[PDB]
Amino acid sequence: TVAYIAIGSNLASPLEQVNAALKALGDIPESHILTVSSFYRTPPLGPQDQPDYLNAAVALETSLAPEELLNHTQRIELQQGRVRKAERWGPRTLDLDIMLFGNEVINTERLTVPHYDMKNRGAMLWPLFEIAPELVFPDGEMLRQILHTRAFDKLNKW
Ligand SMILES: [Cl-]
């Protein structure tokens, strides 16, 4: 099954950690990386005197079950990133989100796929479109039509 994973890092110095995260993704059992998007830059959310986010998408071929893949992405987040000191609930320094898992729809305590908000996020959709321009969502919606209808602004490259 092809899973699509979003990577995000809002570290002041992210490119390095992102590359380490990619290595970790490629080390996941019963899996291999098919494609990695370009690295994109998105502005901080809120105060503009904070670091930009580096965003990318990864296509990962895997025979793991969806919750098994989650085990690994969670492990990698714990190993390669951390929560923020004075805000233990905000974005971690490294985010790995399972955006899509084949054509599967999943709604469990641990896992919701497709990612609940991805259709509203250029940071997810644009890198995804670079690596899977012909993608169709489980509900039948075309990635190309979402980007066109919703008239998203493109992201700058990192
Ligand atoms: Cl969907």
Problem - Selected residue (criterion: farthest from the ligand (Cβ to nearest atom)) from residues of segment 87-109 that are touching a residue at least 12 places away in the same chain (Cβ under 8 Å) and of a type in the set (S, T, N, Q) - result: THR93
Completion exercise
In the set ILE28, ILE5, the lone residue that is out of contact with any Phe, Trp or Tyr (no Cβ under 9 Å at 6 or more places or on another chain) and within 19 Å of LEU135 (Cβ to Cβ) is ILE5
Problem - Criterion: free of Cβ contacts under 8 Å to residues at least 60 places away in the same chain and buried (at least 20 other Cβ atoms within 10 Å of the Cβ) - qualifying residue of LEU45, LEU60 - result: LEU60
Problem - Total residues in segment 124-155, condition within 16 Å of the ligand (Cβ to nearest atom) and of a type outside the set (A, V, I, L, M, F, W, C) - result: 9
Completion exercise
Log entry, pairs with first residue in segment 110-124 being within 20 Å of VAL2 (Cβ to Cβ) and among the basic types (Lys, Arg), second being in a helix (DSSP H, G or I) and within 11 Å of the ligand (Cβ to nearest atom), beta carbons closer than 9 Å, six or more apart or on different chains, reads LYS119/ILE146
Practice task
Return yes or no: is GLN50 part of a helix (DSSP H, G or I) and in contact (Cβ under 8 Å) with a residue 40 or more places away in the chain?
Solution key: no
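Each value in this text was obtained by applying a stated rule to the coordinates, not by laboratory testing. Note that we place each Cβ from the backbone using ideal geometry, even for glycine, and neighbour counts take in every protein chain shown.
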